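K.L.:
okay, here's the opening piece of the assembly, coordinates as they are in the complex:
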Amino acid sequence: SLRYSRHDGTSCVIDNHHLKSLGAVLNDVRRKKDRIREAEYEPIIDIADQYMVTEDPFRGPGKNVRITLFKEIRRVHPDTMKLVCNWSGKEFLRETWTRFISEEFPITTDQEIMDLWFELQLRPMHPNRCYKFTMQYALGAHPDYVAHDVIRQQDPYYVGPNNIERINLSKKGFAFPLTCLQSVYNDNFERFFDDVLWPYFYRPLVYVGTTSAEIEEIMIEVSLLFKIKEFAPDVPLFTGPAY
Amino acid sequence: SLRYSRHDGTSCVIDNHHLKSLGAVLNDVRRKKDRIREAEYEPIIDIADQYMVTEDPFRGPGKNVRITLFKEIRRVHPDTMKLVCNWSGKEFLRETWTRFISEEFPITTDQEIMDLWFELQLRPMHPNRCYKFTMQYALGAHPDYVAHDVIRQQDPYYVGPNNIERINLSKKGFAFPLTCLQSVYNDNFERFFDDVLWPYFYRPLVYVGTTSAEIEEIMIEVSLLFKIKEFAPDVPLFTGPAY
Amino acid sequence: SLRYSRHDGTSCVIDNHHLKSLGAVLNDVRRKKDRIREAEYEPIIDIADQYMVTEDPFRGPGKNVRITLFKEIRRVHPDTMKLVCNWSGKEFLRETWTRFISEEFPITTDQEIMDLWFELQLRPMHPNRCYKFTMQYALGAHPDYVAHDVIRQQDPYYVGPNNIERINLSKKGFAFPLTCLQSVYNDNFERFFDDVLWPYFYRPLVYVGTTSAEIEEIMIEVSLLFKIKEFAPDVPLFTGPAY
Amino acid sequence: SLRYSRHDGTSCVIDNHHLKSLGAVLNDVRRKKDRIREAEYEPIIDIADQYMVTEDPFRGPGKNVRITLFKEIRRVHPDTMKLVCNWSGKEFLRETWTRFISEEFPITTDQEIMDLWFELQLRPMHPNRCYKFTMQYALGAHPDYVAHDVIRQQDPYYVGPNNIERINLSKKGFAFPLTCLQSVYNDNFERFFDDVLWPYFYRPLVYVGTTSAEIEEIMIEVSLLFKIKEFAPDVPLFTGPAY
Amino acid sequence: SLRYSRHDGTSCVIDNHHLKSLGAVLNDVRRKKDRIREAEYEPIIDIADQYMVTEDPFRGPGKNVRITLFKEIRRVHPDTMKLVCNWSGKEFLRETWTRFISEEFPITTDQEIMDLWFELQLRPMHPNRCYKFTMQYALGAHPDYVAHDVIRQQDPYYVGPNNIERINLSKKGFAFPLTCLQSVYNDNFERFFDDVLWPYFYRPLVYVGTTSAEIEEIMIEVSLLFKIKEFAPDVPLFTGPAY
Amino acid sequence: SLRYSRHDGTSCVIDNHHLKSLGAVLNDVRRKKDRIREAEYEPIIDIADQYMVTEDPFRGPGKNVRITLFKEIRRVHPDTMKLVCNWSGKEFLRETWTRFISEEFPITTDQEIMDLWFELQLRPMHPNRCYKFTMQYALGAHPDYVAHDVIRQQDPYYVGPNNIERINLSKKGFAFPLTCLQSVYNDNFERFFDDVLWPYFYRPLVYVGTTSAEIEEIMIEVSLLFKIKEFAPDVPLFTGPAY
Amino acid sequence: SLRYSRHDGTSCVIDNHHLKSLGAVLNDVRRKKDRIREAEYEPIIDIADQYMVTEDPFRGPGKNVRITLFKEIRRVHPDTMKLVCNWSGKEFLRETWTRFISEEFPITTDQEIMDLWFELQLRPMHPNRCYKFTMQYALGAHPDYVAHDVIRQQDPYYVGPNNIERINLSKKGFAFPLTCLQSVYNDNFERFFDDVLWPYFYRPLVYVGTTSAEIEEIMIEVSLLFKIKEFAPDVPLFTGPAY
């Protein structure tokens, strides 16, 4: 933050003649030099504007609601990964519906869930170590298929710089307690579960490993991150009766 | 554009001895210096080629057909947004089908609609103002759910530099008058409407606001932008009878 | 002039996710880098804003009226200067009043003469010469003092780059046909002359030389440059009778 | 100073073919590169040519005549200033007229005093000190008003880098022994004094201090600096009788 | 091209004091900085002025007269070259004398042929190819020696950037229709041929190839380029009788 | 050598949308920046293309045949030079003809000797010395003029960086065993010698010295370097009878 | 010139441990950095070593003997050139032989004239002019052909930076008083003239002009510049009898 907001200097008049601050005039000269530079490179920006980048979903539009679920410790051998969660489809839907509804109610505004994200957050439990985290996942399997508790690493997802991976769970597969833009109605888990077509097939199965050449002890925080658009009218709240 | 196409200079022969332009030889020396620079940074480009960017859909493959729909003026209070359109699902499909078919017919070539985009284009109606535009949208709701005409802003989409937002309307939800790669058949709105499964559920509901601390008057142009691949054969058009 | 007015690129939305042009995002990054640079040097501009520069009176406020008077050729020896004009006070006031009034009438607006300038404009009369111009002047002397037609140079005024010197003639000494902010009245040279206190004392006596080591032939255009503020009301001109 | 005056190299002809020095050709190439740079920045110079700076009166037109008056030592406490001179108006005019006339006579040429400057020149009298000089002045007061010999500092004039302040004494207030462009006549102090309207009102009263946090011993040289334009004709001096 | 010819800014005089444009003063400062740079590198230019370069004969002194002779197409295998011309000495002299004399007559001025050049000009006949041209030549052989129509490439002349090779044909070997500085006399091919000592020995035999790894189709324009100095007097042409 | 041949990155298509490697897109942006730089300096290259440089005859067209002649040791005093060879014209022609013919025969291809060069190659015979070599030569003199075996240095030729001087021996003066483009005939030294007009006048007389301030011991290799163009047809060699 | 010859610093030994000057160690580090730079650019120098430049004949091998001939003044109209000399072949040979022999005798050493140059040296005769010089020449013509005293300019030779053109006069055409490497014999102009085959055909005819748009007065110094190799033995001169 600068102190003058580019309003540096002033002006005055002596004998019809106009004086202006030297620093301000030098800025005018330097801004003309820069302006010429902008036009010189504008053709180069047009070549770059042939392509686009994507806005961070968590720093971007919509609000973040982090429904934390549980914590867990794992010790992982080198070149392996351990399973983080092994819920069935039903148990996953119970935690999803139950934790979101009981945290957010009363839901007083029309809104829509933009995206549902599975958040895997990792931190070391010893100091003076240097390694990075790795991840692998699946999202569906035979209800009587029980996943390996440990696997060897092969072409995993390298966890990002802040030690957080967020995995999108698309509305096609994973059911949301709020489907579209809607007001809430009277609802319960039983009618929610009954309206899910394949309740036992879809569940997140996530593994975690490291790039370390020794065993490492990992602390894990798992959460569901909801992106939500609210449509709150521009009206007052009154105590009844209104007016 | 340069005048010589890097064919600067020439050569000649005097007494078996070869002469070449000094400027051209200096370019050869500088190109060798640059070529060495390319190889020095090639390992750095490999680190950048681990990731990819996306090509502008409107400057990229396919042609653009802008079916403009209507214009509208709105005055928006600070920290609020006003609804742009409130059509039902049926009225949206009538405008979509009717305006595209009557603008494009006769459709003389096999083709496919790649993408359907809702275009929101905004321009100020007073000069000497400095603010940016914001946007929020929904795409589905109860047919008897009527949207708020004005809402307070919360985590909106910031409109891009040229004051244009284009919102993709995926084939899953919004019905296209041309589904796949096909030739046109005899068609009408009634049979089109009858084959849409959920005609009354999906409609774009878009809001617009500003980053200004005062009321601002906005002019709005709404359009449907179609991306289209044509498959025109490499054959002549003759007056009948051919040959 | 640049083609996009810093509105480079655009934005669009695919599956709730926001895309923006790569060139525009890189400009945002570079503008942040520059903005940090501005704040780093703002303390330096404050040291420069302790002092001020003066605006060019001829490119600055007020309009320019160039009442050209006469032309003249002179041949000047090295290290000398020749007199340009030798009018008495009365003859100078006749040219001043007569030429300005007959050029500007009808004077239809309230106005004030800000400054009166004596303009000496010089151009070579042979090609392929390289030298600069020099100048010296006086403004008053005994009416029976007749000035030397030629003098040796000593510490002269070096004429500026465009070969124009403009010498201010302050209202204290030299009388203006329009003293202050006023509408014109019925006027003539005789009543103007009668109201000048010292009509025979003040007259510009200007010399011109060169930095050349040989005789040079100079063409001279002399003019009076008036700086004028007009106070024209924001009202229409009608043909009488009005309304 | 360079040794070749940009006439570096030479040329010769062998078998109709023209050879030229390599160093000279490289200068031609570099001068073209610079010339392109000049044109690229010419628009920036136009923004700077909206304003003007003022030429040093003492390095610029006119000659300098330094009529030194007296020397003085003062010891000044921190945050104070001591009076340098306390002459009445008459005593100041006696020194001004007497010292200039007796130093310059015989005045053999027509001339005019452009400006009269009061010069205050300061030097330390101990080594290994680090401080700057400050100044304050007045120019008129009741003849029976006697100035304070010492004052506290408040918003003083900071003396320039070379430890010299020169204060203009305008012809309106302070009388010159040579009013305009004139030849000298028989003159004396009594008729000069009689023609000064307010001889006892105008006199320079100048104070001097420092930026030091300890007492400092200052040596002072006071002078009157005259700027003078001479109008010496381009004619010989002969022993009489001429020709 | 710049707009002010380094006459940027101006000057004026207010109360004896000289003002000059800020942009012009900054140029004076920057020119002093550059001038110091010139002197710093002048010793380096002296080391480069130990050697010389040669002026382009075709951009340099003398005028160019391009007597085009014929055009030709060739298909050249990789690593080979095809003969361009196979004239005998007599046939070459007939084309040389005949084409120059009939193109240039009437030759109305005293002049001398500085140099005679064989011009080989090459252009591709397919687009979207990338290769360069090569050349080899001989100038004399037994009159009954008939040259190979195709040869393998070995250490050829690499054609210059603009696809033009010009081969000097020295006056010792190849006869000129105008030997020295002369006016034309009545002349014909028979007396020209009779005065050539070895008319059948000297003829240009030129080959052309490529750097391509495939057959390429080449279009060829062959010409004789004369360099000519004219000595036209500074006199008028009149209709007879003169005066 | 770089690993990708500027084919860095790739592309793919997801949901009609085109993705391209980030590193490749950044190269496109940087190449546009460079391309703009090329056009900015193209006017400067045109000033340099007014002149030309000469191609190294030994790295350039034609093949090199180094007919080494003899070796020699000399001790040279400071500021002096010793004669390298003192052959008469006849003895020089015997070595020239004899050594070239017996080394090159059988000469199976039509060819022409472009240039004949006298090669003087020098190397120190003590380590840990620092000096350069110098050279002087003559090419003709009275047959009974015997050259000084040692001379003082005055304005000599400074030998090049690699300690090799090559002196052209023009066909005018020094006779070649192969005059023009020709096939070989039955030949011998006696008929070769008989056809040389001035066999005893032309012989290379070369001196060698140093820039050292002490005696230095020099090893010398002398050779004749022939530049040769071959005209080998594009035909097979068969064992007879052919076909 | 530097003061230490890169022998900066020293060394000493304290308790077996070696100390060395910090400045010297930093030079060792910087020299390693530079040495790495040399190797990085060595591949670029190899591309430049494909071509060669030519050493200034007058700053290079051989000594210069400037036999000045005459001086001359000319006034030249714009776009014209005036003849400098109009001697016949015989008169040119008389000046050449006579002036060289009488200036150089006694010629006490074996020597050879490397080159003969016609030197045209030009200087302005007015100050404060800015123009360059131009040149054109011929070398042979009919003895009864008398050249135009003035011609219009067309594609002239632009004189070099130092206002000197030197035109080579090859031994083929122009006869030298010393043909080869030789001792002098008894000689005279008559036997010299008798042995010149074409004494009346070859003579330098040189014109001079300017790039000025006005008449200019030129001073001309003409000279013959001889390049000479001496072969002075390393022997003493004694007074006779020797030893």
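P.N.:
Yep, that arrived. Numbering: from 1, shown residues only, chains lettered A, B, ... in the order given.
K.L.:
which residue lies nearest the spatial centre of chain A?
P.N.:
Note on chain A: the residue nearest the mean C-alpha position is residue A:58, at 3.3 Å, using CA atoms, centre = their mean.
K.L.:
that one contacts residue A:162, doesn't it?
P.N.:
No: in this structure, residue A:58 sits apart from residue A:162 without contact. The criterion is CB atoms under 8 Å, and the distance is 10.8 Å. For the C-beta atoms, the positions are set from N, CA and C on the backbone; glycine is no exception.
K.L.:
which positions in chain A make contact with chain B?
P.N.:
Within chain A, the residues that sit near chain B (CB under 8 Å from any CB of the partner chain) are A:49-54, A:60-63, A:110, A:112, A:180-183, A:229-234.
K.L.:
hmm, which of those are the buried ones?
P.N.:
Neighbour counting over those (16 or more other CB atoms under 10 Å in any protein chain shown) leaves A:49-53, A:61-62, A:110, A:112, A:180-182, A:229-231 as the buried ones.
K.L.:
any idea which of the residues you listed is closest to chain D?
P.N.:
Set against chain D, the nearest of those by CB to the nearest CB is residue A:49 (25.4 Å).
K.L.:
tell me the secondary structure for the residue nearest to that closest one when sequence neighbours are not counted?
P.N.:
The spatial neighbour of residue A:49 that comes closest, neighbours along the chain excluded (CB to CB, 6 or more residues apart in numbering or on different chains), is residue C:23 at 3.7 Å. Here residue C:23 takes the helix state, with states given by DSSP: H, G, I helix; E, B strand; the rest coil.
K.L.:
pretty sure residue C:23 sits against residue C:7.
P.N.:
No: the pair residue C:23 and residue C:7 fails to qualify as a contact (CB under 8 Å) at a distance of 11.6 Å.
K.L.:
those two: which has the busier surroundings?
P.N.:
With other CB atoms under 10 Å in any protein chain shown as the criterion, residue C:23 and residue C:7 differ in neighbour count, and residue C:23 comes out ahead with 24 against 13.
K.L.:
tell me the contacts of the more buried one?
P.N.:
Contact analysis of residue C:23 by CB atoms under 8 Å, 6 or more residues apart in numbering or on different chains lists A:45-49, C:8-9.
K.L.:
redo those residues as CSV? Include secondary structure and distance to residue D:67.
P.N.:
Shown next, in CSV, are these (DSSP: H, G, I helix; E, B strand; the rest coil; distance: CB to CB, whole Å):
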residue, secondary structure, distance to residue D:67
A:45, helix, 66
A:46, helix, 70
A:47, helix, 71
A:48, helix, 70
A:49, coil, 72
C:8, coil, 67
C:9, coil, 71
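K.L.:
and of the residues you listed, the nearest to chain D?
P.N.:
Nearest to chain D among these, counting by CB to the nearest CB, is residue A:45 at 19.8 Å.
K.L.:
show me the contacts for that closest one.
P.N.:
Taking CB under 8 Å, 6+ apart as the test, what residue A:45 contacts is C:8-9, C:23-24, C:26-27.
K.L.:
in a markdown table: those residues, plus distance to residue B:153.
P.N.:
Supplementary listing: these in a markdown table, determined by distance: CB to CB, whole Å:
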| residue | distance to residue B:153 |
| --- | --- |
| C:8 | 26 |
| C:9 | 23 |
| C:23 | 28 |
| C:24 | 22 |
| C:26 | 28 |
| C:27 | 25 |
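K.L.:
and those residues, which is closest to chain G?
P.N.:
Nearest member of these to chain G, counting by CB to the nearest CB, is residue C:26, at 30.2 Å.
K.L.:
count of residues packed around the residue in chain A that chain G sits nearest to?
P.N.:
Of the residues in chain A, the one nearest chain G is residue A:44, at a distance of 26.9 Å by CB to the nearest CB. Taking other CB under 10 Å as the neighbour definition, residue A:44 ends up with a count of 19.
K.L.:
how far away is it from residue D:231?
P.N.:
Counting by CB to CB, to the nearest Å, the gap between residue A:44 and residue D:231 amounts to 62 Å.
K.L.:
again, but for residue A:210
P.N.:
Here residue A:210 is placed at a distance of 95 Å from residue D:231 (CB to CB).
K.L.:
here's chain H, drop it on:
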Amino acid sequence: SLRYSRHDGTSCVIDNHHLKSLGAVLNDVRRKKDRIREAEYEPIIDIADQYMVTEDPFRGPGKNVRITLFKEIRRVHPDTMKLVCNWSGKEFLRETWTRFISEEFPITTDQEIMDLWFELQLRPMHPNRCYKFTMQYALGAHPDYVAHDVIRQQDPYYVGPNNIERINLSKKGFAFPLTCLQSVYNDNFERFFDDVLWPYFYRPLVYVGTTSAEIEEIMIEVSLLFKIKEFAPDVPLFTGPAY
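P.N.:
Time to bring in chain H:
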């Protein structure tokens, strides 16, 4: 390493004229530019040559003999250090004398031990850790003073980058098996021990720790490093009898 040893390019002579490689001439120009830079900074090197740095004793004069003694593992708590060795003075002298003599014998040359160093070399025993090593030492104490096996860290020596600390053991305190420059005599530990004045007082007591916030397992190699000057004559070794 570069390929040409700064002998880039060559030279040749054509028609008395000297040609030299362009790349070599450009190096000459750049070397002159650098040489000017050296002289510009030579005054700055003189300011740095007021001070000196010390040569690495182990990369510098003398040879290194590393008498390794033992290896050891320690586990060290954070902010603590463990004792590495606890020998008495006698046991230290036994290892010193015994290990050096039995490793080096036969000692066939006159020599002197310059310095004796205690080498502490440290390496981690787990991967993927990030910490540095610390050290503290004493050299003498009461023979019946037994040192603490572990201490808390306070202002320790930070081990160097390569994880090696070498501690000088001065000849005053610690006895050497070879005192000065000497040949070996018949010697044994008992007479060596008897001639040490204070055999039980001086012994190295060294501690080791880390900068880690967790326990770390360290592997330790301890050695005595001898610096030795040999004085081997320049004479042959023969089998007896010699000659």
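K.L.:
again for the neighbour count of residue A:44, chain H present now?
P.N.:
Residue crowding around residue A:44 was assessed by other CB under 10 Å; the count is 19.
K.L.:
the helices in chain A, which residues?
P.N.:
For chain A, applying DSSP state H gives helices covering A:22-48, A:89-104, A:189-195.
K.L.:
save those helices as a markdown table, and put in distance to residue F:83 too.
P.N.:
Formatted as a markdown table, those follow (distance: least, CB to CB, whole Å):
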| stretch | distance to residue F:83 |
| --- | --- |
| helix A:22-48 | 65 |
| helix A:89-104 | 103 |
| helix A:189-195 | 112 |
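K.L.:
to residue F:36, which of those lies closest?
P.N.:
Judged by CB to CB, the one of the helices of chain A that comes nearest to residue F:36 is helix A:22-48, at 6.8 Å.
K.L.:
can you give me the end-to-end span of stretch A:205-221?
P.N.:
Distance across stretch A:205-221, first residue to last, is 15 Å (CA to CA, to the nearest Å).
K.L.:
cool, stretch A:11-31 as well?
P.N.:
Using CA to CA, the gap from the first to the last residue of stretch A:11-31 comes to 19 Å.
K.L.:
try stretch A:185-194
P.N.:
End-to-end distance (CA to CA), stretch A:185-194: 16 Å.
K.L.:
which residues touch it?
P.N.:
Around stretch A:185-194, the neighbours that count as contacts under CB under 8 Å, 6+ apart are A:90, A:93-94, A:97-98, A:101, A:175, A:177, A:199.
K.L.:
chain E versus residue A:220, what's the distance?
P.N.:
58 Å (CB to the nearest CB, to the nearest Å).
K.L.:
what sits against the residue nearest to that residue when sequence neighbours are not counted?
P.N.:
In space, and not counting its chain neighbours, residue A:220 is closest to residue A:72: 4.4 Å by CB to CB, 6+ apart. Taking CB under 8 Å, 6+ apart as the criterion, residue A:72 is in contact with A:84, A:219-220, A:222.
K.L.:
same thing with residue A:226?
P.N.:
So, once contact is read as CB under 8 Å, 6+ apart, residue A:226 ends up touching A:64-65, A:67, A:100, A:113, A:115-117.
K.L.:
quick one: it from residue A:112, how far?
P.N.:
Here residue A:226 is placed at a distance of 10 Å from residue A:112 (CB to CB).
K.L.:
over to residue A:106?
P.N.:
Distance of residue A:106 to residue A:112, computed by CB to CB: 17 Å.
K.L.:
likewise for residue A:99?
P.N.:
Separation of residue A:99 from residue A:112 (CB to CB): 19 Å.
K.L.:
repeat for residue A:220
P.N.:
Applying CB to CB, the value for residue A:220 to residue A:112 is 30 Å.
K.L.:
for residue A:52, list each beta-bridge partner.
P.N.:
In this structure, residue A:52 bridges to residue B:54, residue C:21 when assessed by DSSP bridges.
K.L.:
count of neighbours near the closest residue to chain E within chain A?
P.N.:
For chain A and chain E, the shortest gap (CB to the nearest CB) falls at residue A:25, measuring 7.2 Å. A total of 21 residues lie near residue A:25 under the criterion other CB under 10 Å.
K.L.:
same deal with residue A:243?
P.N.:
Residue A:243 is surrounded by 3 other residues when neighbours are defined as other CB under 10 Å.
K.L.:
just the strands in chain A please.
P.N.:
Under the criterion DSSP state E, chain A contains strands at A:11-14, A:17-21, A:51-54, A:63-76, A:80-83, A:110-124, A:133-140, A:150-152, A:157-158, A:164-168, A:202-210, A:216-231.
K.L.:
most neighbours per residue, which of the ones you listed?
P.N.:
Between the strands of chain A, the one whose residues have the most neighbours on average, counting mean count of other CB atoms under 10 Å in any protein chain shown, is strand A:202-210 (a mean of 23).
K.L.:
for it, packing partners?
P.N.:
In this structure, strand A:202-210 packs against strand A:63-76, strand A:80-83, helix A:89-104, strand A:110-124, strand A:133-140, strand A:216-231, with contacts taken as 3 or more CB pairs under 8 Å, 6 or more residues apart in numbering or on different chains; DSSP states H and E.
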